[PDB]
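Participant: In my numbering, the protein residues as written are 955 to 2742.
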Ligand SMILES: *[C@@H]1O[C@H](CO)[C@@H](O[C@@H]2O[C@H](CO)[C@@H](O[C@@H]3O[C@H](CO[C@@H]4O[C@H](CO)[C@@H](O)[C@H](O)[C@@H]4O)[C@@H](O)[C@H](O[C@@H]4O[C@H](CO)[C@@H](O)[C@H](O)[C@@H]4O)[C@@H]3O)[C@H](O)[C@H]2NC(C)=O)[C@H](O)[C@H]1NC(C)=O
Ligand SMILES: *[C@@H]1O[C@H](CO)[C@@H](O[C@@H]2O[C@H](CO)[C@@H](O)[C@H](O)[C@H]2NC(C)=O)[C@H](O)[C@H]1NC(C)=O
Ligand SMILES: CC(C)CCC[C@@H](C)[C@H]1CC[C@H]2[C@@H]3CC=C4C[C@@H](O)CC[C@]4(C)[C@H]3CC[C@]12C
Ligand SMILES: *[C@@H]1O[C@H](CO)[C@@H](O)[C@H](O)[C@H]1NC(C)=O
Ligand SMILES: *[C@@H]1O[C@H](CO)[C@@H](O)[C@H](O)[C@H]1NC(C)=O
């Protein structure tokens, strides 16, 4: 058992080693694939990003100055990496150090001090009293001194103007300006025709200044934009007037220039020539006032000396420089604010005019967003209590509304300042908040009393390694390609071993399929394990899968190799061709891998039971395991032994078991064309009996085979000798019979029988890539011989074979057919087998190797029980010692050759070579004589039988010169007799005939290649159906801003400073009956979301034993309230950090708010740390369960706490000091007072928003605005039906975006075009494979032999190919015109596409014609042509992606590229015309224009023409004195030596064409055509009449027989029937000379005689024939004038008898008498040339050379010694023709 496994493994290893061409590619392909993989890996490094927070943005309602400050500097998401103070629950600042805020606060302080100041009036009163020592003078002076000291302190304590002037002077190197502006504004981390060109050049410089050009993108729609709204309802007018007030709040700088121009001369003369200033300067310099100023300064800067130097200066810094600087600053700020359009309000009547005006303003490049209301009628009614409004803005400034989420999840806070922040810099949130605040103010009356801020939630220290994810979630493809190559190789090997019938012989040799499958398994698993180990090595070292144990991945790859090995064992039993299976395995495994990518996209609704029932394949389970590996690898923890993956391994093992069972079943139920689906002479007792059959029978005989005799076994192959020989072997069991083979019953023991019983079937067994010595060694080891015994047997076999040389012993299977057959028949004798069963030896080999094999067989006659079974007569005659014939399953005759020939055989055959005279002489010499047959220069007679022989031969030899007889001959009866006795318009005719034949061969192929019609149909159907799934990619529907667009989310509300001031009522109205927003309130005014009504429970989730450790780890202050968390340590790359328990610290109270979501109170908790830890831990827990984790929370609120005095003070100040009512003084003061009172906020809210949700910030802003509105509502009936809804609907796209979408749709266009190109390329594949089938010596050369004019052949082929491509063209046209694809079904795009497909077919059908020329194998050009067509399609797709002019000019040669570009340009022009019609114009550029489409049509047409021409061109490519005369009726058989070039001479020697007929050596018939139609087509091509064609066909079908099977498929016939059809084809036209070649190959008796009779008859009609073969019996029975060709020249010619007598050997005699030596002694003494050819018991044979002319005396001596030697039987024969042939071949 095990030794056989060892031999099988050795054979497999030798097959692997000797190739030296497959294993190197096998080891290089995975290396190359994964080298490309690692090269791609080393190009994308892992991106690490620290955790950070984002500053809070301020809306316009929270103050104009903080809003502008938030716009200006902190507009980039700086990613602080540390919690900003803005995220603190109490403070909302971060502008502590803002010098502008300090300047404004100092200005407010100066104002409020001046209005409460009395120094001016006190100084005036003191001056009046002094002008009108004293008593009250001292008190007045003291009060004035104190007042002026306080004023000096106040004026010096501002400290803001100093920094402002220093910074503006330093500004008037790249980073210094940025640092200065950042320190100034906040803390520390064609247009020239419209307006004046000054600020045009300013904005040009802003766009060209080398800084972050993002602040300009945010400031452009703010100071240049322009808004417009719905019809002029008075309430809409009121809300727009409120918005206008909010806008003009910042217009204080507009009327400041007039104020300065009006106040400058007054303050100038006040500081120049006023008595008050002179008195102040006088009092500032004294002897006692200096100490007063020193005491009042409190040691501050700007002492009294500096004050006196600055103020008192009539002619180094006085007030004049400050005055000039302030004047210049005012000039600059006025010139800046001049072109700032603060009147951006335009009322519009209708919505269509709204859209038109917005588009016009967009063309004018000055257009901000636009509000659209929903008023019911232009009435004075205030509001319908529920405002629905939309904000229409440009697309490039608003986030798209077609999607609300990125889809696939990926780490990253999504905080890019420009790419995904359009709701901030675009101005959407600003206008939204302004409109909501205006609506709130107009509904109730409260002005602002509310601030709003936006805070982005932080992110917990993530890293970006998307490449690792996409490569570990798509591992199977590149993990499987190399094994696809490996499985193709192993399938090629398996099917090659199975096709050659080697497995059948292995089974016959005494083996079971189990050990073969095991050996194949081991031999294919060893290199797969090697490759798996190497891949584990290259993956671990590649740094692409760190922290992954090599052992577990190695075991995984080993199980994968095992399951793929069993899968290929499954797939191999369905194919019976090596290359076909090797090419189809790859595509079949690709098809089996596709379900994985098909199921991975629909993972949202896939069931575990569906996963199991779909895991019946190997690639899907491997992909699941790889997904497990990826999920456990991405987080850095790796994969280890931790007890999914186990389920995947179990499913893979179940798949292995299922594949094994499927193999075990299919190998038995459906095998190949060779498997089995589930007058008796004296018996010589001188030798031992080896095989004794006894009463053998089957389902609808007894012989005794002996040891030393080579017994023959003849039969009709239908009545026996086929199932009897199989029953003698182990193929089929017996049926009520027994046969003791060498003393062992067949049914008793079959193992010991096969141990000493060789076999040699017709199909030789010789493995390729091996030596004959290794063959003998392997067969001897399989026999069971020892080492020394095997060596001795190999030496003996090499000595007896005849090739004892290293040039042949160490060479591969390269010898000629002769030595190959000799070695194959000698192999059956290795091991010393005592019983051998041959089958058809020397079937089609030359007579020389036949004699050699005969000698080799006779050398093994010393007791081996050779059982011959052949259809040849001479072989079984000269080899068979006991001929036995059976018929009707019963034994008929048995005995020696002489016994069978003299018991029932006819008399002698006497021939004469060159008629009534000789006939009468023979009749007078012998009465029972007759004239058998007379041929050209020959005559035969029969002597049916004895002294008449002597007298007749004497009379013949005496009167020989009388007649024309030149030589005589005598022969015995051959065994074949005993076997038979016992059991012009011709061009149009050829055109229509070819068309008819091809039409029939296409019609009768319904079961055949009919898929070439429905397969392109189903593929184009799949394509056009998939084309109806991709969205139009250019739509933006009306989206409603509501936070519940996401299914589930966690909200939260944090109430800071709970003192009931202004926050408690707001937070209450946020969580009352109306809920969060507009979800459900007296109905559900939101579609597809009715709110869950019943839930009210303020509870805390059950906490595990972590509160314990939280208690024992006390002192958890506000700072560090929870244990820390580590992330991204060195050499440990973690996608998301892992934190210990107690991440948040305490589960907050959870409660549902009846809106399909749950809120948790976060009062007094650190919001940032809690959010970070909860988010990271929840995301980890969610991704742990393989759910494709989505987002968790989106938004929350933090409500906290941060006037008329300044307004009243400004009013009182304006009342005095030269009050007036001009448009320069009152306007500026009122605007400044409004700006001052529009900056204070009592209470505020901070909306925490996640940016992963595209529509989260706006929805939560709407929610908080609705909450504010419902809270500010007073004494209402109920807050239910009071609410606002915000919509987002962009405007229509313009020409630019239309061009962009027409450019980006080309991807889907080429995607749908590629599959059509692939599906349309399957029609010419059938044509080319049919041409290949007809090209290999079948019909092309045969039709070329007759007059066919080969150009007409290709012409008719092209015609039918066009006519047959017409059908699927119209079919697919109808199929995908049924679909409403306006790009194709239009009245202007249908004919162009129609003739585009037509010309594509016309150009593609001749392109694959020359590919059939050099291709000597059928049924495999299909796959390679499909592959190269796919490659051309990929090339055309790449060229379309894109020097382009020459590219599109030279790439028009490929018709696939032509059709692709045609479809692309067609859909492009369709989309362009549709867009132009949408915009309101009309373009009618026809697709048939020469430049666009039509150049491709002409190119494809001329390409088809030139391809047909070059195909015609390729076909045309632009012996020693052979002399013989063939008269009428001369069968001039021209034999030759081995390799004499008979086929070449036949092809050279072949009006003359029409006068010659050919019969191919190989069968030539269409497998799907009919029998009668073959000869009908060949008669049509011969030149017979159209009406007599049926008569000629009937004559041809009746002449050669087979009339019972005349109407059937030629492919379903047999060898004899195929040869009959072939020889009938050569007579359908009736030429004078018919050239035949091997008419009988593998045929049977009672059928060869039929063809021989037909040949003799067609010769007898005066028509000479010419044939050649190897069987010399056929030549001697058919030919009449031989022509032997030794080396190029005719070495011998003449009749058969003349050649047999001239150069032939002597006669041969056989005598029959235990025995006596005296008879042999007398026989040897009688003849001098007697030679003992064979000596047996009671039977002798001898040869007489050079003594044939004395046959009369030979017969006389025989008749004399008949009574003396007591001989029982005599026989005398002449030398056969095969002896003459082997003699001529020996002396060469
Ligand atoms: C909620 O919970 C978070 C943490 O989960 C708390 O945030 C912590 O508190 C501060 C932010 O509010 C952070 O303090 C900063 O730490 C920086 C780190 O630099 C080193 O810090 C270590 C101590 O950990 C020192 O030994 C080193 O010498 C380094 O200084 C400081 O650099 C930073 O100092 C600032 O520097 C800037 C620029 O120079 C100055 O302008 C500024 O005035 C200040 O000096 C500052 O001290 C703290 O790191 C942060 N994280 C942790 C783990 O503590 C929140 O505070 C909690 N919420 C509330 C309301 O408390
Ligand atoms: C809306 O506000 C703008 C300014 O914010 C007002 O326009 C002012 O008045 C006229 C034009 O109407 C101009 O001469 C002024 O220069 C504009 N600006 C200022 C600062 O006065 C406009 O009148 C307002 N419209 C409504 C309906 O209130
Ligand atoms: C035209 C004048 C009278 C009205 C404007 C007030 C300006 C000019 C006065 C009022 C207060 C003064 C400032 C108060 C003190 C300082 C701090 C010192 O380190 C630089 C000078 C500086 C900054 C003074 C410059 C001049 C000053 C800014
Ligand atoms: C900065 O913050 C502190 C809080 O410690 C506050 O007292 C101060 O007024 C702030 N500065 C401002 C608002 O300019
Ligand atoms: C804008 O697009 C809508 C969508 O159908 C269309 O009805 C409307 O007429 C378009 N308006 C303009 C001005 O193109």
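Positions of the beta carbon are idealized from the N, C-alpha and C atoms, including for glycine.
Candidates 1231, 2616, 1395: which alpha carbon is nearest residue 1189's?
Facilitator: Ranking 1231, 2616, 1395 by Cα distance to residue 1189 puts 1395 first.
Participant: Can the beta-carbon of residue 1380 be found closer than 8 Å to that of residue 1433?
Facilitator: No. Outside cutoff.
Participant: Along the chain, where does the beta strand (DSSP E) containing residue 1865 start, and where does it finish?
Facilitator: Start and end: 1862 to 1867.
Participant: Going by the C-beta, is residue 1050 closer than 7 Å to any heavy atom of ligand 4?
Facilitator: For ligand 4, at least one heavy atom lies less than 7 Å from the Cβ of residue 1050.
Participant: Which residue's Cα is closest to the Cα of residue 2655: 1767, 2727, 2613, 1098?
Facilitator: Considering only alpha carbons, the answer is 2727.
Participant: Okay, do the stretch 2187 to 2200 and the stretch 1978 to 1997 touch, 3+ Cβ pairs below 8 Å being the bar?
Facilitator: At 8 Å Cβ cutoff, the stretches do not touch.
Participant: Check whether the stretch 1678 to 1697 touches the stretch 1944 to 1956, counting contact only when three or more Cβ pairs, one atom from each stretch, lie closer than 8 Å.
Facilitator: Judged by Cβ distances under 8 Å, the stretch 1678 to 1697 makes no contact with the stretch 1944 to 1956, as fewer than three pairs qualify.
Participant: Could you tell me the alpha carbon to alpha carbon distance between residue 1609 and residue 987, rounded to whole angstroms?
Facilitator: If you take the alpha carbons of residue 1609 and residue 987, they lie about 27 Å apart.
Participant: Consult DSSP for residue 1619 and reduce its assignment to one of helix, strand or coil.
Facilitator: In the structure shown, residue 1619 sits in a helix (DSSP, three-state: H, G or I).
Participant: With three or more beta-carbon pairs closer than 8 Å as the criterion, would you say the stretch 1582 to 1592 touches the stretch 1418 to 1430?
Facilitator: They touch, by the three-pair rule.
Participant: How about residue 2024 and residue 2240: are their beta carbons less than 8 Å apart?
Facilitator: No, they are not a contact pair.
Participant: Going along the chain, which residues of its own chain have a beta-carbon closer than 7 Å to the beta-carbon of residue 1193, five neighbours each way excluded?
Facilitator: Taken in chain order, the residues that qualify are 1392, 1393, 1396.
Participant: Helix, strand or coil for residue 1364 per DSSP?
Facilitator: Of the three classes helix, strand and coil, the one that applies to residue 1364 here is coil, per DSSP.
Participant: Buried or exposed: which applies to residue 1298, given that a residue is buried once 16 or more other Cβ atoms fall within 10 Å of its Cβ?
Facilitator: So residue 1298 counts as buried.
Participant: Please report the straight-line C-alpha distance between residue 2514 and residue 1836, rounded to a whole angstrom.
Facilitator: Each residue's Cα considered, the two are about 37 Å apart.
Participant: Would the beta-carbon of residue 2622 fall within 8 Å of that of residue 2484?
Facilitator: Their beta carbons are not under 8 Å apart, which means residue 2622 does not touch residue 2484 by this criterion.
Participant: State whether the stretch 1013 to 1029 contacts the stretch 1134 to 1145, with contact taken as three or more CB pairs (one from each stretch) at a distance under 8 Å.
Facilitator: The stretch 1013 to 1029, when compared against the stretch 1134 to 1145, does touch it at the 8 Å Cβ threshold.
Participant: According to DSSP, is residue 2516 helix, strand or coil?
Facilitator: It is coil, neither helix nor strand.
Participant: Suppose contacts are defined by Cβ-Cβ distances below 8 Å. Is residue 2478 in contact with residue 2373 by that definition?
Facilitator: Not closer than 8 Å, so no.
Participant: For the candidate residues 1875, 1929, 1948, whose alpha-carbon lies nearest to that of residue 1916?
Facilitator: Ranking 1875, 1929, 1948 by Cα distance to residue 1916 puts 1875 first.
Participant: Any heavy atom of ligand 3 inside 7 Å of the beta-carbon of residue 1334?
Facilitator: Result no, Cβ not under 7 Å from ligand 3.
Participant: Excluding the five sequence neighbours on either side, which residues of its own chain have a C-beta within less than 8 Å of the C-beta of residue 1614, listed in chain order?
Facilitator: Contacts found: 1520, 1523.
Participant: Judging by CA-CA distance, which residue of 2038, 1792, 1670 is the nearest neighbour of residue 1682?
Facilitator: Among 2038, 1792, 1670, the Cα nearest to that of residue 1682 is on 1792.
Participant: For a minimum of 4 consecutive residues, which ranges assigned as the alpha helix (DSSP H) are wholly contained in the stretch 1636 to 1708?
Facilitator: Segments of the alpha helix (DSSP H) lying fully in the stretch 1636 to 1708: 1677 to 1682.
Participant: How is the beta strand (DSSP E) around residue 2150 delimited, first residue to last?
Facilitator: Unbroken beta strand (DSSP E) run through residue 2150: 2149 to 2155.
Participant: Assuming residue 1805 is part of the alpha helix (DSSP H), what are its boundary residues?
Facilitator: 1801 to 1812 is the extent of the alpha helix (DSSP H) around residue 1805.
Participant: Going by Cα to Cα distance, which pick from 2134, 1555, 1931, 1550 is closest to residue 1567?
Facilitator: The option with the nearest alpha carbon to residue 1567 is 1550.
Participant: Check whether the stretch 2422 to 2433 and the stretch 2461 to 2475 are in contact - that is, three or more C-beta pairs closer than 8 Å.
Facilitator: Because the criterion of three Cβ pairs below 8 Å is not met, the stretch 2422 to 2433 and the stretch 2461 to 2475 do not touch.
Participant: What residue range does the alpha helix (DSSP H) around residue 2418 cover?
Facilitator: Run containing residue 2418: 2409 to 2433, per the alpha helix (DSSP H) assignment.
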